[PDB]
Structures are given as C-alpha cells and as structure tokens.
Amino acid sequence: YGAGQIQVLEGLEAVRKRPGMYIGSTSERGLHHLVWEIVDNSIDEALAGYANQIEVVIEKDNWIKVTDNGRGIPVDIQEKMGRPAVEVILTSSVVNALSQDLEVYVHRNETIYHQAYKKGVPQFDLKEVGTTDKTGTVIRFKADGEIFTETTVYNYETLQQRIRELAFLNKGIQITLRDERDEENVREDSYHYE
C-alpha cells in the first residue's frame, strides 16, 4: 500500500521486462547465472567471517537449493519498509523476480523462519515454522520458464567447474554440489581447499 511496497512491485516489473540487462541473457548461461547470484551471497558471508559451508543441490524438476551456515538473513522489522528484513532483501532479488517459485528458510535466533514467493511476490507473511540450534540461510528456487524460454535444465558440469573454482579461489570454504534429479543415481562433488 505504502511508498515502499509500490517501489518493490515496480522493481519486479522492471526486472521481468528486461531480464537480460540484469543477468546477461535468458539463455542457458543466464539460467546458470541465477545460481551464482545466490551463491555469491554465501561466499561474501564466509569472507566476512561468519560462514564456512555452502551446499548447492539440483533437486527434482530442476529446483536449486542453496544452503549456508552463515548468520541467516535478518528477520527484524525494518525502518524503511515496516517489513521483515529478509522479505525486503528477497523482494529486490533478481533471482526471485525471475523464478516462478522461490522459498527461504532462515535459521536464526534458535528459530526457523519461512517465506515463499512467486515471481518475487510474497505468498504469505514470514512465518516461524520450527526451532533450530544452528544459524544459516536456505534458498530454494525454480527458474521461470516464461523468462528462460530456451531451457530450464541445469548442466552438472557447468555448475561443477565454477563451484570447484570458487572453492579454489576462496580457500577454507567447503562447497558441495549434489544432483538429486534422478533419485536412483545421485552424484556429489565436495570441494574444500586448505
């Protein structure tokens, strides 16, 4: 209703109108860029000194799940928007705007908080769903086929090459890639340079 929500909605419209100006293209390259946008957040949180494990999973139907053991995206009610910080951050995310569905689970304050979105729009208010003794952020997203019209299927080797490189370039971070798309044949590569 307020000036805040208005700018968020205009922001989503702008990203979906010209996706290639935000992520380079809507080809297979652009699809893979979505993963790097999320993963780069976890890398920064590790470099800041608050995380050291990152897991990227290619799930059934080419959902992507990214999990870190950082502090967790904050959930406190923000001054600007009057909404949880996590909601504000994710409603301005290009990955969220270009995903048909996105989910977040924040582990923080010994609590698990959950919110879901479609094309960047929150589907309900941030909800406490359980408790935890760890901190971290889990992001699950499904790329929007309306945007990524060529393909929404990830290439394991493409993710693997860059994930390995990230681990090599950011020594000490454990980065794991797992492909669960075929439950009968699951592949996993784990990188941890010392």
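Start at 1 with the first residue shown and count on from there.
- Across the two stretches, 6-14 and 169-177, the PDB entry reports the greater mean Cα temperature factor for 6-14.
- The mean C-alpha temperature factor is higher for 75-83 when 108-116 and 75-83 are set side by side.
- When the modelled residues of the chain are ordered by C-alpha B-factor, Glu128 sits in the middle third.
- In this PDB entry, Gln160 carries a Cα temperature factor that places it within the middle third of its chain's modelled residues.
- In the deposited entry, the Cα temperature factor of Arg29 sits in the top third of values across the chain's modelled residues.
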